[PDB]
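Student: Sharing start.cif below, mmCIF, C-alpha atoms:
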data_entry
loop_
_atom_site.group_PDB
_atom_site.id
_atom_site.type_symbol
_atom_site.label_atom_id
_atom_site.label_comp_id
_atom_site.auth_asym_id
_atom_site.auth_seq_id
_atom_site.Cartn_x
_atom_site.Cartn_y
_atom_site.Cartn_z
ATOM 1 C CA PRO A 657 14.512 21.662 18.111
ATOM 2 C CA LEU A 658 17.343 20.701 20.490
ATOM 3 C CA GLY A 659 17.537 22.522 23.808
ATOM 4 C CA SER A 660 20.323 25.032 23.447
ATOM 5 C CA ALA A 661 22.421 26.996 20.957
ATOM 6 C CA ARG A 662 25.523 25.311 22.331
ATOM 7 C CA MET A 663 24.245 21.826 21.448
ATOM 8 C CA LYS A 664 22.877 22.924 18.080
ATOM 9 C CA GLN A 665 26.416 23.933 17.251
ATOM 10 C CA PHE A 666 27.854 20.610 18.290
ATOM 11 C CA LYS A 667 25.234 18.730 16.174
ATOM 12 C CA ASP A 668 26.033 20.972 13.221
ATOM 13 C CA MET A 669 29.710 20.209 13.611
ATOM 14 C CA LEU A 670 29.038 16.463 13.564
ATOM 15 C CA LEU A 671 27.336 16.824 10.164
ATOM 16 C CA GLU A 672 29.847 19.216 8.596
ATOM 17 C CA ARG A 673 32.781 17.059 9.573
ATOM 18 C CA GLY A 674 31.184 13.892 8.231
ATOM 19 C CA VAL A 675 30.928 11.817 11.376
ATOM 20 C CA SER A 676 29.542 8.405 10.498
ATOM 21 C CA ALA A 677 26.399 6.830 11.918
ATOM 22 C CA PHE A 678 28.004 3.360 11.796
ATOM 23 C CA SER A 679 31.050 3.621 13.997
ATOM 24 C CA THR A 680 32.387 4.159 17.535
ATOM 25 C CA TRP A 681 32.720 7.538 19.207
ATOM 26 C CA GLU A 682 36.380 6.574 19.843
ATOM 27 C CA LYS A 683 36.968 6.278 16.076
ATOM 28 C CA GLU A 684 35.038 9.279 14.948
ATOM 29 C CA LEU A 685 36.574 11.588 17.578
ATOM 30 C CA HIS A 686 39.482 12.469 15.261
ATOM 31 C CA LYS A 687 37.049 14.219 12.852
ATOM 32 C CA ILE A 688 35.874 16.640 15.489
ATOM 33 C CA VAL A 689 38.447 17.042 18.333
ATOM 34 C CA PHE A 690 40.294 19.966 16.776
ATOM 35 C CA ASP A 691 37.096 21.902 16.087
ATOM 36 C CA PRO A 692 36.420 24.837 18.460
ATOM 37 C CA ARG A 693 32.805 23.690 18.955
ATOM 38 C CA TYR A 694 34.036 20.480 20.532
ATOM 39 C CA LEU A 695 34.942 22.569 23.545
ATOM 40 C CA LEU A 696 31.323 23.653 24.122
ATOM 41 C CA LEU A 697 30.076 20.456 25.763
ATOM 42 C CA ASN A 698 31.230 18.245 28.627
ATOM 43 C CA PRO A 699 31.503 14.487 27.948
ATOM 44 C CA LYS A 700 27.931 13.551 29.062
ATOM 45 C CA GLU A 701 26.544 16.246 26.766
ATOM 46 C CA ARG A 702 28.860 15.234 23.920
ATOM 47 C CA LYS A 703 27.516 11.658 24.296
ATOM 48 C CA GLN A 704 23.898 12.822 24.357
ATOM 49 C CA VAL A 705 24.200 14.722 21.109
ATOM 50 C CA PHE A 706 26.281 12.046 19.368
ATOM 51 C CA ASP A 707 23.979 9.179 20.321
ATOM 52 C CA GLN A 708 21.055 11.240 19.021
ATOM 53 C CA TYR A 709 22.868 12.262 15.834
ATOM 54 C CA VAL A 710 23.826 8.672 15.077
ATOM 55 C CA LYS A 711 20.407 7.124 15.795
ATOM 56 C CA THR A 712 18.626 9.849 13.892
ATOM 57 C CA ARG A 713 20.918 9.716 10.839
ATOM 58 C CA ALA A 714 20.851 5.919 10.491
ATOM 59 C CA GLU A 715 17.073 5.913 10.615
ATOM 60 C CA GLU A 716 16.844 8.717 8.055
ATOM 61 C CA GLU A 717 19.067 6.711 5.687
ATOM 62 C CA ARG A 718 17.398 3.339 6.251
ATOM 63 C CA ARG A 719 14.138 5.108 5.455
ATOM 64 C CA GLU A 720 15.268 7.243 2.512
ATOM 65 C CA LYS A 721 16.356 3.976 0.852
ATOM 66 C CA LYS A 722 13.074 2.102 1.444
ATOM 67 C CA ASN A 723 10.761 4.968 0.560
ATOM 68 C CA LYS A 724 12.682 5.291 -2.745
ATOM 69 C CA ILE A 725 12.165 1.632 -3.528
ATOM 70 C CA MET A 726 8.465 1.569 -2.591
ATOM 71 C CA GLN A 727 7.946 4.846 -4.469
ATOM 72 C CA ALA A 728 9.596 3.470 -7.629
ATOM 73 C CA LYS A 729 7.166 0.530 -7.613
ATOM 74 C CA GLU A 730 4.088 2.578 -6.851
ATOM 75 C CA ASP A 731 4.906 4.688 -9.907
ATOM 76 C CA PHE A 732 5.948 1.807 -12.164
ATOM 77 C CA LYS A 733 2.772 0.035 -10.957
ATOM 78 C CA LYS A 734 0.822 3.279 -11.574
ATOM 79 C CA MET A 735 1.999 3.797 -15.131
ATOM 80 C CA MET A 736 -0.243 0.764 -15.803
ATOM 81 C CA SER A 758 10.121 7.884 -17.590
ATOM 82 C CA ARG A 759 8.618 6.010 -14.649
ATOM 83 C CA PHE A 760 9.899 3.034 -16.675
ATOM 84 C CA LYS A 761 13.561 4.164 -16.679
ATOM 85 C CA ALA A 762 13.401 4.616 -12.896
ATOM 86 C CA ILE A 763 13.812 0.847 -12.371
ATOM 87 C CA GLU A 764 17.265 -0.482 -13.279
ATOM 88 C CA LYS A 765 17.933 -3.449 -15.618
ATOM 89 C CA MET A 766 15.185 -5.478 -17.233
ATOM 90 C CA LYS A 767 15.565 -8.391 -14.766
ATOM 91 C CA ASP A 768 14.020 -6.256 -12.030
ATOM 92 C CA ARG A 769 11.444 -4.374 -14.096
ATOM 93 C CA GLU A 770 9.937 -7.620 -15.293
ATOM 94 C CA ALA A 771 9.463 -9.580 -12.086
ATOM 95 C CA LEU A 772 7.273 -6.507 -11.580
ATOM 96 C CA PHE A 773 5.600 -6.187 -14.999
ATOM 97 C CA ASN A 774 4.536 -9.693 -14.102
ATOM 98 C CA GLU A 775 3.629 -8.700 -10.560
ATOM 99 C CA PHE A 776 0.865 -6.470 -11.894
ATOM 100 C CA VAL A 777 -0.449 -8.560 -14.762
ATOM 101 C CA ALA A 778 -0.265 -11.814 -12.776
ATOM 102 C CA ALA A 779 -2.227 -10.041 -10.019
ATOM 103 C CA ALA A 780 -4.616 -8.177 -12.329
ATOM 104 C CA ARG A 781 -5.846 -11.489 -13.722
ATOM 105 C CA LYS A 782 -5.865 -12.877 -10.132
ATOM 106 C CA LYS A 783 -8.354 -10.093 -9.408
ATOM 107 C CA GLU A 784 -10.854 -11.688 -11.729
ATOM 108 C CA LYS A 785 -10.713 -15.275 -10.460
ATOM 109 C CA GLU A 786 -12.207 -13.018 -7.847
ATOM 110 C CA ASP A 787 -14.153 -10.133 -9.425
ATOM 111 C CA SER A 788 -16.079 -12.297 -11.894
ATOM 112 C CA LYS A 789 -17.113 -14.601 -8.989
ATOM 113 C CA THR A 790 -17.893 -12.140 -6.210
ATOM 114 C CA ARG A 791 -20.065 -10.221 -8.661
ATOM 115 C CA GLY A 792 -21.083 -13.599 -10.031
ATOM 116 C CA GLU A 793 -22.781 -15.009 -6.944
ATOM 117 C CA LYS A 794 -23.992 -11.385 -6.498
ATOM 118 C CA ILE A 795 -26.158 -11.278 -9.591
ATOM 119 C CA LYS A 796 -27.685 -14.593 -8.367
ATOM 120 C CA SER A 797 -28.206 -13.711 -4.724
ATOM 121 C CA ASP A 798 -29.581 -10.331 -5.751
ATOM 122 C CA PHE A 799 -32.090 -12.120 -7.953
ATOM 123 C CA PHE A 800 -33.089 -14.355 -5.067
ATOM 124 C CA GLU A 801 -33.261 -11.378 -2.772
ATOM 125 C CA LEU A 802 -35.333 -9.662 -5.423
ATOM 126 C CA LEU A 803 -37.641 -12.664 -5.483
ATOM 127 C CA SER A 804 -37.848 -12.920 -1.694
ATOM 128 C CA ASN A 805 -39.398 -9.456 -1.581
ATOM 129 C CA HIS A 806 -42.401 -11.281 -2.956
ATOM 130 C CA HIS A 807 -44.564 -14.128 -1.661
ATOM 131 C CA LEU A 808 -43.734 -17.153 -3.798
ATOM 132 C CA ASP A 809 -44.282 -20.893 -3.607
ATOM 133 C CA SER A 810 -44.452 -23.980 -5.838
ATOM 134 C CA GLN A 811 -47.778 -22.848 -7.369
ATOM 135 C CA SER A 812 -46.072 -19.593 -8.430
ATOM 136 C CA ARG A 813 -45.812 -19.075 -12.180
ATOM 137 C CA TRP A 814 -43.006 -17.160 -13.910
ATOM 138 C CA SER A 815 -45.494 -15.672 -16.365
ATOM 139 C CA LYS A 816 -47.384 -13.807 -13.563
ATOM 140 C CA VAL A 817 -44.236 -13.146 -11.512
ATOM 141 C CA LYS A 818 -42.030 -11.685 -14.290
ATOM 142 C CA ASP A 819 -44.345 -8.710 -14.567
ATOM 143 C CA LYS A 820 -43.992 -7.866 -10.830
ATOM 144 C CA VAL A 821 -40.219 -7.576 -10.922
ATOM 145 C CA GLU A 822 -39.164 -6.555 -14.459
ATOM 146 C CA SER A 823 -38.495 -2.897 -13.616
ATOM 147 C CA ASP A 824 -36.063 -3.799 -10.846
ATOM 148 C CA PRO A 825 -32.233 -3.552 -11.394
ATOM 149 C CA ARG A 826 -31.453 -6.887 -9.672
ATOM 150 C CA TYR A 827 -33.509 -8.406 -12.522
ATOM 151 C CA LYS A 828 -32.069 -6.473 -15.497
ATOM 152 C CA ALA A 829 -28.674 -7.487 -14.156
ATOM 153 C CA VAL A 830 -29.327 -11.108 -15.180
ATOM 154 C CA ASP A 831 -28.657 -10.771 -18.915
ATOM 155 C CA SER A 832 -30.334 -14.012 -20.036
ATOM 156 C CA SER A 833 -34.123 -14.040 -20.292
ATOM 157 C CA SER A 834 -33.879 -17.830 -20.084
ATOM 158 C CA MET A 835 -31.498 -17.891 -17.127
ATOM 159 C CA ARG A 836 -33.870 -15.671 -15.191
ATOM 160 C CA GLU A 837 -36.505 -18.360 -15.679
ATOM 161 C CA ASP A 838 -34.101 -21.115 -14.587
ATOM 162 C CA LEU A 839 -33.242 -19.201 -11.384
ATOM 163 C CA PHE A 840 -36.880 -18.646 -10.510
ATOM 164 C CA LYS A 841 -37.320 -22.384 -11.066
ATOM 165 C CA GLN A 842 -34.429 -23.069 -8.681
ATOM 166 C CA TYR A 843 -35.874 -20.708 -6.126
ATOM 167 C CA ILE A 844 -39.274 -22.429 -6.341
ATOM 168 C CA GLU A 845 -38.024 -26.021 -6.031
#
What does the file become when written as structure tokens?
Tutor:
Amino acid sequence: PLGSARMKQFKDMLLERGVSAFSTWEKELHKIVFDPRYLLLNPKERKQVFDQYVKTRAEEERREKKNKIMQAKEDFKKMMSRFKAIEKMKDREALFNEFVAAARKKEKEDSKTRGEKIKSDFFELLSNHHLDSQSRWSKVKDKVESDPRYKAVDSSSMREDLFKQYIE
């Protein structure tokens, strides 16, 4: 949405005549100087529109390139025809090992965060009750067997051990 029809036309001309975004005005001038639309702006205005056309086009290209790369991953990574998208095998394997060697690294996490969680939830379960050294698992079991923080501990014996830990 550039100000005026006059400048729109100049911008258009820049595109149609293939003026580069990585060059000097002095060296691109030859692509436009013979074009009737060149006559529609004074020098200051010519500079305005050129500077804007060059900044805008470089950024669009820089970005088109990146967003294509990131998008190719996010789809290769998602398929786990999106396989062909990546070129070679050398590239599409430092990635097939990005996912797998990060999907196992999410379990030297997930099996520990949930790990300590089953435990702490069993302690928290226990702490809802008034317990001490005199407390006896026989009489306590019955109070908390319905609860989900209890069922979560899958070893009837390990439950007992925990309650022993908690009572020490």
Student: Between CA of residue 682 in chain A and CA of residue 721 in chain A, what is the distance in Å, rounded to a tenth?
Tutor: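 Between CA of residue 682 in chain A and CA of residue 721 in chain A the gap is 27.7 Å.
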Student: Using the chain letters and numbers from the file, which residues does the PyMOL selection byres ((chain A and resi 736-766) around 12) grab, as a list in words?
Tutor: residues 724, 725, 726, 727, 728, 729, 730, 731, 732, 733, 734, 735, 767, 768, 769, 770, 771, 772, 773, 774, 775, 776, 777 and 780 of chain A
Student: Calculate how many Å separate CA of residue 824 in chain A from CA of residue 805 in chain A, rounding to one decimal.
Tutor: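 Distance reported for this atom pair: 11.4 Å.
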Student: May I ask for the distance between CA of residue 695 in chain A and CA of residue 711 in chain A, given in Å to one decimal place?
Tutor: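 About the pair CA of residue 695 in chain A and CA of residue 711 in chain A: they are 22.6 Å apart.
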Student: Could you give me, as a VMD selection string, the residues within 12 Å of residue 840 in chain A, counting all atoms listed in the file and dropping anything in the same chain fewer than 4 positions from it?
Tutor: chain A and resid 796 to 797 799 to 804 806 808 to 810 812 to 818 821 827 830 833 to 836 844 to 845
Student: So, with only C-alpha atoms as the atoms that count, which of A:678, A:693, A:687, A:823 lies closest to residue 665 in chain A?
Tutor: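 Checking each candidate against residue 665 in chain A, we get A:693 as the closest.
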